[PDB]
């Protein structure tokens, strides 16, 4: 994924203020609420029957933290997303068989969550840079389909 130097430091600057313990669970939780078929993949996580149950579920939160961590690895290695996400692509594609359209949905939910938290500071140019990043992650996760 090809970012301008401008875009690069706007992304890294904003991400430094992200609560690594929270935003992942907020993003994952919203995926499961907004796009309820995604719950199929998380049956062992227990109670997901209502929005409040999803957001307050400690496994969504704990798994959310891992998902966000992989996004951070991505941000540290934008010239090598395919390599960075290679074993996770195996997992999500060969083992879990998650349809890749769902990778594009999570990426966009994460963008809505960043907007929710940063308000005015999540400017349109900043969004445009994060859209390139999350598309790059989704495409790297899908590498084993194609």
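What we label the rigid core is the largest C-alpha set whose atoms superpose within 1.5 Å from one form to the other. Numbering follows the first chain given and starts at 1.
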{"item": "More shifted region, core-based fit in 5 other deposited structures of this protein, 13 to 21 vs 130 to 138 by CA", "value": "13 to 21"}
{"item": "Which of 23 to 31 and 94 to 102 strays further in 5 other deposited structures of this protein - Cα RMS after rigid core alignment", "value": "94 to 102"}
{"item": "101 to 109 set against 63 to 71, stretch whose average Cα temperature factor tops the other in the entry", "value": "63 to 71"}
{"item": "Comparing 33 to 41 with 52 to 60, the one whose average Cα B-factor in the PDB entry is higher", "value": "52 to 60"}
{"item": "Out of 134, 128, 20, 14, residue topping the C-alpha B-factor column of the entry", "value": "20"}
{"item": "Assigned third (lowest, middle, highest) for the C-alpha B factor of residue 82", "value": "middle"}
{"item": "Residue 28 by Cα B-factor - lowest, middle or highest third of the modelled chain", "value": "middle"}
{"item": "Relative C-alpha B-factor of residue 92, binned into the chain's lowest, middle or highest third", "value": "middle"}
